[PDB]
Amino acid sequence: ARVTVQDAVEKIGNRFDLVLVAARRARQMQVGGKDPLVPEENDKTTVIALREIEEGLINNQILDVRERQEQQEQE
Amino acid sequence: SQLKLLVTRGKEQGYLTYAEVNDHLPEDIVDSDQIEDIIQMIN
Amino acid sequence: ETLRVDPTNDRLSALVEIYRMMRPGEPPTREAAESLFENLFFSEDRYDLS
Amino acid sequence: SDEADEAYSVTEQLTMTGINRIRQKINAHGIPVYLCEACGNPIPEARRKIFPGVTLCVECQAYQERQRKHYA
Amino acid sequence: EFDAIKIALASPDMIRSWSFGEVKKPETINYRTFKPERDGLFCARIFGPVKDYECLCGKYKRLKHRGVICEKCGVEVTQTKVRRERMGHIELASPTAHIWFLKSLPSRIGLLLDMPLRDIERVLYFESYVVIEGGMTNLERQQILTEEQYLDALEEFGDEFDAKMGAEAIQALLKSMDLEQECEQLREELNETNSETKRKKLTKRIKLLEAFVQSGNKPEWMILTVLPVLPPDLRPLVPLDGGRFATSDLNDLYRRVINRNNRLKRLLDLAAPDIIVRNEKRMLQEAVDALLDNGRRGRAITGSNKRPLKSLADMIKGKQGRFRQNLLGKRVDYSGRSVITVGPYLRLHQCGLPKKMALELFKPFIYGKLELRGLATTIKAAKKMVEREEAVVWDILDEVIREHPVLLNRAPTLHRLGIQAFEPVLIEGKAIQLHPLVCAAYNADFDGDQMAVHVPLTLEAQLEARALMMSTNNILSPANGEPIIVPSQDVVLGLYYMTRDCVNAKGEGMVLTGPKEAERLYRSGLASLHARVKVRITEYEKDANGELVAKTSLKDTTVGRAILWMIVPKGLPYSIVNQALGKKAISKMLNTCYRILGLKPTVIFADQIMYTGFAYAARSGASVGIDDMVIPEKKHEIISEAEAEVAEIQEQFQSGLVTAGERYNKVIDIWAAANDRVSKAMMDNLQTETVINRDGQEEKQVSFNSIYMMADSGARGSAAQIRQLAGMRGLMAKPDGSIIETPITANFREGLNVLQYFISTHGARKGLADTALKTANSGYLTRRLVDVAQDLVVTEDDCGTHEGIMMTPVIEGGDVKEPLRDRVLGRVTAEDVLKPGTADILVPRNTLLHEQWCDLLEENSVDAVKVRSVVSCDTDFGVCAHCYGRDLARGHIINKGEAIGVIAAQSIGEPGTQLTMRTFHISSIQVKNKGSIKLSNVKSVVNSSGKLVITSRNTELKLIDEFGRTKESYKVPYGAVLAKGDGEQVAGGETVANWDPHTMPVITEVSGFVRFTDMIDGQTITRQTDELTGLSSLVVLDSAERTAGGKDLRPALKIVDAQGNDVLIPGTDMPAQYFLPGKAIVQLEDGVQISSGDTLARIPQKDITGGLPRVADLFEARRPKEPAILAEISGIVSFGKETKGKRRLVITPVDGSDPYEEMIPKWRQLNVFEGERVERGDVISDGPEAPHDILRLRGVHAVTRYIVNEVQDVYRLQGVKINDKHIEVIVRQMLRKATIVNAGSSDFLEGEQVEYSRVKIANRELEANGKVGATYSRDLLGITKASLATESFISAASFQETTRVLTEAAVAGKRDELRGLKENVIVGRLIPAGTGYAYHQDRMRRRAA
Ligand SMILES: [Mg+2]
Ligand SMILES: [Zn+2]
Ligand SMILES: [Zn+2]
Ligand SMILES: [Zn+2]
């Protein structure tokens, strides 16, 4: 589990931007199709997306550019 | 009229009790219904 | 002081002001006023200090 | 906590402020008058010795006490 | 989906377009076969089918006939949900006024036509007639006639005149009336005429007309020509057990309207006798008004079972209505409830959730996970498996539960820490195990309390329990940064027993090589928990740039403090654990752990502290016995002395030396002194009584009394409660404050006989009953402050202003009560603050003053810091992120989207629960320390005597040492005889000034002869004979008893030279004479000298409220009854006509409107002279200041400082702490209203009260233009009137009188753009405050693309 989200806050600043960015990524993984960027420790999607935000490899700009890349290659 | 002093009295005190309302009414107001309606006005 | 503010002076005016208080509108009189007072608290028909 | 456990603080404030106002009613300092401020008579040595700084004779005090008893 | 909620009247064509069919018969259903009768109040032809996809007869039942309208009974085959949205309409054969628009007070019908209310209701019930454009003959438009007047009118004026009666006449009146024509006539009457209040009401009517034109409403829609009936499934008639149906009263009311309407149709088509027809129309009108709002015109009808039938208006309004009780708070699925127990083994983020309570809350997730893992073929097999509790369901449930938080919520959620998210732990039992540390947050003990559990279902909702509402993220209270993870009662006593010392215990004085060896010594049984000892401990310090420099040394500590040191995280010092560790010290240790090491180390420290406290409290075996209440043996002789003094007083009363009340007071004083004596004796016997031997004779230390340990550690107890157990119970009190004189001289250890116990039950039951209300009316202040201050949200990172508050310590009386580090901590400064010699650019403008900058501030001893406040923020419809500062709890800086308004209300209202529910009342300066003199309003003269005297009025003197900080503040009177004067740095043991309340001096400017000019006795002065000194005195008096000949004339004392010339006042050419009002005895003579401010005229001769009512009144912004009038304008003062209750007080400005004057209530003790130049924003008579006064005079910061200081006074009186950000937010909502002084280029009315933000933006964008803005004047309202004015009528109908709000909205045709927290919640959308704030911003960007 994850006791504190203090580290994930600094990566994104706002505590509400963090929730909205992590719910987005965790729903990408949940429904669906996308995979975690981090070795999942038998976690749920919520703490997985939080832990990925902790490591700086998930955020609004990264998720949006990942949107754009697949929007391109969907064609 | 006298009810004017009653309204300003209630505004001074911040309330109005049934005693003062029974006092300050128009004396020949024999109608309990308009009594109820005038207290409902002042309230 | 309460006499100096008493607008009444004699008994029958007392009764008539009590009458105008109790059942307003009705023109009061000697007989009806004395009857109202003597049947307010002083008649076993109506009052009862048990 | 329980209803008997804040009720204590209520009662405590109550008796505390009561005793406070009452023992403030007493006078401990000294400004020896030697004569009442209502009837002019000399406040005797005994009464002025019980309460230092007493400001009224016995009977003027009783009168004012009664008057304030009616809250007027 | 949908943008704002539009509102207006309803055209009869619009009401006919809503309906799906007329309602002609008053039939609900058949009595044998309960199918809808017709064409009645329940109809399948109008209101859809009564069964799903099924015609009424039965001819059409398959889904294939979907949508068909059956040929036989015309029942459209469709869903039975359709029976819950279709509306009907009753066609009133006669019109019928809308009671909302005839009793709205003002009557909208009435005030539109400008026909007074009784005239309207006299034409309504056919009492009279009203002409309607009665031709070119005699009459007015709205001229009401009596019956016979109209009869004689029809004779002499036959036609070319039409006067109607009843609601038909009002309909014709509103219809014929043209709004723009009358609006023009109102323009002419408003600008061609000047009669102020008449034009106020005139312009109100004018605004109403312009609103009725701006909207699409037509005035003739206020008369119901067509009545729509609610869909049946909202007013249902349901079969109960036994065949006895159950109906909502709306069926009764619709039936009574429909019968009367049909009877009116009947009578109209009979040519009936028109008096009967009048009665039918009147009864139908009364029925429609009972239907629309019962009990609004007459008496509620009736009901059938002797109780007032509720109507549609009752369905909306009322505490038990629809806007409130299922619209704002509703029942909720996925939720449970259970008795909470403790379970101290939990980590701070998790809570035990019963297996049985968890298998019901997660049944959807469990069904999904079963069907997913293939353990069950389908949802039905899954349901069966869960229903029989198969062996695998507990593994499936442990997997569902793992990262899934649940919301735990106690009943009175006073503050937001009452709904906290925990991670569940599937526990065996039926009771939630709640972590001990959280119970201070919940305010919850385990005497049977219960809690509700909810499951945050969706992804975005179950990352908010993880990121916002989780138990570990919330360790700081939002009302003040202090951590609310305080260990409470077993933990502080475990830690007190651990970290203490004994004079000689096992293994005293043996050097230990670290905490590990201390623990191994204790566990081995070779050294006690408190044995003084030396241990080599290595502590770290991260004052380096993130690096922890270590340091090891032989501390002289005990084995307890040693063992406790292993628990502390890295970067804390050893002095944090090397005291005896009470409760205060125990939570200060946590506050330092936070303020050094952030959140995660503190979160681990919390449960480590808790586990080790419980462990060593259990190790201690700290029980309590009846021998632990050692009564002092000096109690008996103290009580004998007290009874002796009381007998002395009784004899002195029987002797005639004291009144009865005086004997009562002296007896109570004796018994109170005796009680304090006995309590001090018992405490002196308790605290130190432990006497031990160290290498010989003896020694006392802090006692190990179990009860004393509880009292001293801070776990439980005080001196008062231990005193009642050991000393005496002192004097009881009757409920009304009447202190009983017979004192309970016993404690509970020894007995209490019958009389003392019965005496004590009085105050006992008073306290109990008082907390029976304070629980019932629990959160009324938070409710009232979440109404006024709800929709504030931090919506901008910076407004970029330069305005703030000059925050300083509250240095009142002696030493400060609240330093600068308390009140400037967490707020961003308004301006760069330099050192006193300025020395540098110390603190930049927009730096958040956290702990480091407060260190910087009170190294340099900075005394005043300007810090940005939220009441000055230049944001629009919100508050900048910087004009709010640092946010507590989370403790970094408020991020835009914080709902700071709800938080401010909850932080003023949860602490307020700890306050008293009742409102209760309560020569030479003894200056304290060494320091320098500080003058405010420096105008002093040194007399010939050498000492100083204040020739100014409000000279304030401060003792300010060499620190730069102010250390003492004092208000000096008008010219006290100051032993020390100006700037004179002195030390303690030296009084700063002598004075006398029998001495208010009228000291002059220069020295000289005091001649008497403008003085003739018998008209203004009084003959005070000097029987005391042997002279004559002419004392200054007013016109109270002297006649009016020279009554206004003032007795002038001419201060002149020895030659006779008028010595001027140095500074102004008006000579040094004084006009004296009364209360100043004059002991001079005419032609007599005085020194440089000698004694010319000498004037002979702290209660604070504290109840929560003293906060509801502080915020409600009312007017005191002794209102200290202030100085409205600068310049000089004149006194005029007297003896009226308003004596003229003229204020002649320097260069302004010189004839300015006001009134003075001459019962008051006027405390300012007439020659002194009045300063604007200054007091004249002395008494309580009014808030509106300060707001108009000194500025918004003046009113905010006053309100903040008063609320902080009442909060610090009870020791309850709350930050000032919250009260500044409540104030910022309080003074939200501007007023238009000058219309200017602006486009508001002349004296119109407008939203200050509106005028702000308008005149600001004009200031960007070339046109002059409007000169506003800021108002100041009470919370229950600052909430009354709200933009959105949804929220306003929520917390106000609903009928008034909806009537105003209907006439005005307001459009409610849902942009408030309280409106969106009602319409089911995201509140535009927190997580949904970005969504609402994206919505605002989509709109106006
Ligand atoms: Mg409880
Ligand atoms: Zn006397
Ligand atoms: Zn059919
Ligand atoms: Zn701002």
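In terms of determination method and resolution, the entry is listed under cryo-EM at 3.40 Å.

Asker: Please clarify how the coordination of the zinc ion (ligand 4) should be interpreted in this entry.
Answerer: Metal coordination angles have textbook ideals: 109.5 degrees for a tetrahedral set of four donors and 90 or 180 degrees for an octahedral set of six. All names here are of chain E. Protein coordination of the zinc ion (ligand 4) is provided by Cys799 (SG), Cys873 (SG), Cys880 (SG) and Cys883 (SG), with donor distances spanning 2.3 to 2.4 Å. Geometry at the zinc ion (ligand 4) is tetrahedral, judged from the four donor atoms that bind it and their angles of 95 to 131 degrees at the metal. For the zinc ion (ligand 4), the single-chain donor residues occur in sequence as C-x73-C-x6-C-x2-C. Taken together, the positions of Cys799 in the loop between β23 (794–796) and β24 (805–807) and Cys880 in strand β26 (residues 879–880) put the pair 81 residues apart, joining distant regions of the chain. The exposure class assigned to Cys799 is partly exposed, which follows from its relative accessible area of 22%. Given a relative accessible area of 0%, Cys880 falls into the buried group.

Asker: What is the right way to look at the packing of helix α12 (residues 363–373) of chain E against helix α14 (residues 393–401) of chain E in this model?
Answerer: Each pair of packed helices can be described by the angle between their axes along with the distance between the axes. Residue and element names in this part refer to chain E. Where α12 contacts α14, the axes come no closer than 10 Å and their chain directions differ by 115 degrees. In this view, α12 runs roughly perpendicular relative to α14, as classed from their interaxial angle. In this structure, α12 meets α14 at a crossing whose hand is right-handed. Together, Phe365, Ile366, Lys369, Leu370 and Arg373 of α12 and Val393, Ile396, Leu397, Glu399 and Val400 of α14 make up the contact between the two elements. Across the contact of α12 with α14, the residue classes break down as seven nonpolar, no polar and three charged.

Asker: How do you make sense of the coordination of the zinc ion (ligand 3) when you look at a structure like this?
Answerer: All names here are of chain E. Every protein donor of the zinc ion (ligand 3) is listed here as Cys55 (SG), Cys57 (SG), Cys70 (SG) and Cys73 (SG), and their distances to the metal cover 2.4 Å. Considering all four donor atoms around the zinc ion (ligand 3), angles at the metal cover 90 to 130 degrees and the coordination shape is tetrahedral. Linear spacing of the donor residues for the zinc ion (ligand 3) on their chain is C-x1-C-x12-C-x2-C.

Asker: Which parts of the structure should I look at to understand the interface of chain E and chain B?
Answerer: When the parts of a complex come together, some accessible area is lost, and that lost area is often used as the size of the interface. Between chain E and chain B, the contact holds four residues from the first and four residues from the second. Approximately 250 Å² of surface area, both sides summed, lies buried where chain E meets chain B, with 33% of it carried by carbon and sulfur atoms. When the buried area of chain E at its contact with chain B is split by residue, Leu105, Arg297 and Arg299 of chain E rank highest and sum to 74% of it. Applying the counting criterion to the chain E and chain B interface returns one salt bridge. Close ionic contact of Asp33 of chain B with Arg299 of chain E constitutes a salt bridge, the shortest N to O distance being 3.1 Å. Between chain E and chain B we count one residue pair in polar contact in total.

Asker: It is not clear to me how unusual backbone geometry should be interpreted in this structure. Could you clarify?
Answerer: Excluding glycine, most residues fall at negative phi; most peptide bonds, likewise, are trans. All names here are of chain E. Following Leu105, the chain continues into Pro106 via a peptide bond in cis, with omega recorded as 15 degrees. Cis geometry is found at the peptide bond from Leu888 to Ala889, where omega equals 15 degrees. Summarising the element assignment, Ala889 is placed in the loop between β26 and α31 (900–909). A positive phi angle, near 40 degrees, is found at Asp39, a position not held by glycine. Summarising the element assignment, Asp39 is placed in the loop between β2 (19–22) and β3 (87–90). Given a relative accessible area of 17%, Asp39 falls into the buried group.

Asker: What should I look at first to understand a negative patch on the surface in this one?
Answerer: All names here are of chain B. On the surface, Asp23, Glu27, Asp28 and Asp31 cluster together to form a negatively charged patch. Its place among the elements puts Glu27 in the loop between α2 (18–23) and α3 (32–42). Relative accessible area serves as the criterion here: at 55%, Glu27 is assigned to the exposed category.

Asker: Before we go on, may I ask you to explain the sheet that holds strand β32 (residues 977–978) of chain E in this structure?
Answerer: Sheet strands pair via backbone hydrogen bonds, and the direction of the pair is either parallel or antiparallel. Residue and element names in this part refer to chain E. The three strands lie next to each other as β28-β29-β32, forming an open sheet whose pairing is antiparallel. Each edge of the open sheet carries a strand with a single partner, namely β28 (940–942) and β32. Bridge count between strand β29 (residues 948–950) and β32: two bridges; the pairing is antiparallel. Paired with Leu948 across the two strands is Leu978, which belongs to β32.

Asker: How should I be thinking about the sheet that holds strand β39 (residues 1073–1075) of chain E in this particular structure?
Answerer: All names here are of chain E. In space, the four strands of this open sheet follow the order β39-β36-β33-β41, with antiparallel pairing throughout. The sheet is open, and its two borders are formed by β39 and β41 (1088–1090), each paired with just one other strand. Between one strand axis and the next, the sheet turns by 30 degrees as a mean value, whatever way the strands run. Where strand β33 (residues 1008–1013) lies against β41, three bridges are found, and the strand directions are antiparallel. Paired with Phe1009 across the bridge in β41 is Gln1089.

Asker: Would you take a moment to explain the packing of aromatic side chains for this structure?
Answerer: Two numbers describe a pair of aromatic rings. These are the distance of the centres and the angle of the planes. Residue and element names in this part refer to chain E. Under the counting rule described, the total for this entry stands at eleven aromatic pairs over all chains. It is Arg663 that lies over the ring of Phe653; its NZ or CZ is 5.6 Å from the centre. The ring of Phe963 carries the charged tip of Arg965 above its face, separated from the ring centre by 5.2 Å.

Asker: Looking at this structure, I do not really get the pairing of strand β15 (residues 450–454) of chain E. What am I missing?
Answerer: Where a strand is regular, its side chains alternate between the two sheet faces. Residue and element names in this part refer to chain E. Pairing of strand β10 (residues 335–341) with β15, which is carried by five bridges, proceeds in the antiparallel orientation. Each bridged residue has a counterpart across the sheet, and for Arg337 the counterpart in β15 is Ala452. Judged from the three bridges that link them, strand β12 (residues 406–409) and β15 form a sheet pairing that is antiparallel. Paired with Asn409 across the two strands is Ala452, which belongs to β15.

Asker: Looking at this model, I keep getting lost on the packing of helix α28 (residues 780–788) of chain E against α31 of chain E. Mind explaining?
Answerer: All names here are of chain E. Contact pair α28 / α31: the axes reach a minimum separation of 8 Å and the direction vectors enclose 160 degrees. Judged by the inter-axis angle, α28 sits roughly antiparallel to α31. Here α28 runs over α31; the crossing is right-handed. Residues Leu781, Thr782, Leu785 and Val786 of α28 lie in contact with α31, whose contacting residues are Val902, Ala905, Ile908 and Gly909. Across the contact of α28 with α31, the residue classes break down as six nonpolar, two polar and no charged.

What counts and what doesn't
Residues numbered from 1 in each chain as written, not as in the entry; some residues may be left out. Chains lettered and ligands numbered in written order. Part of a larger assembly, values for the part shown. Heavy atoms only, no water. Residues with missing side-chain atoms left out of burial classes, pairs and counts. Donors = N, O, S within 2.8 Å, 3.2 Å for Na, K, Ca; no water. Tetrahedral: all angles 85-135°; square planar, octahedral: opposite > 155°, others 65-115°. Helix = DSSP H or I, 4+ residues; strand = E, 2+ residues; numbered from the N terminus. Buried < 20%, exposed > 50% of the residue type's maximum accessible area, 1.4 Å probe, protein only. Axes fitted to C-alpha atoms, helices over the stretch in contact; angles between N-to-C directions. Parallel < 35°, antiparallel > 145°, perpendicular 65-115°, else oblique. Left-handed = near helix turned anticlockwise from the far one by under 90°. Contact = heavy atoms within 4.5 Å. Nonpolar A, V, L, I, M, F, W, Y, C, P; charged D, E, K, R; others polar. Buried area = accessible area lost by both parts, 1.4 Å probe. Salt bridge = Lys/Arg side-chain N within 4 Å of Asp/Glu carboxyl O. Polar contact = N/O pair within 3.5 Å; in protein donor to acceptor, adjacent residues only side chain to side chain. Patch = residues over 30% accessible without salt bridge, like charges linked within 9 Å, V, L, I, M, F, W, Y side chains within 5 Å. Areas by Shrake-Rupley, 256 points an atom, 1.4 Å probe, with all protein chains shown as cover. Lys, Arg positive; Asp, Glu negative; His and termini not counted. Charge placed at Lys NZ, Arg CZ, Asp CG, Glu CD. Pairing = 2+ DSSP bridges. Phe/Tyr/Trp six-rings, centres within 6.5 Å; stacked < 30°, edge-to-face > 60°. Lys NZ or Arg CZ within 6 Å of the ring centre and 35° of its normal.

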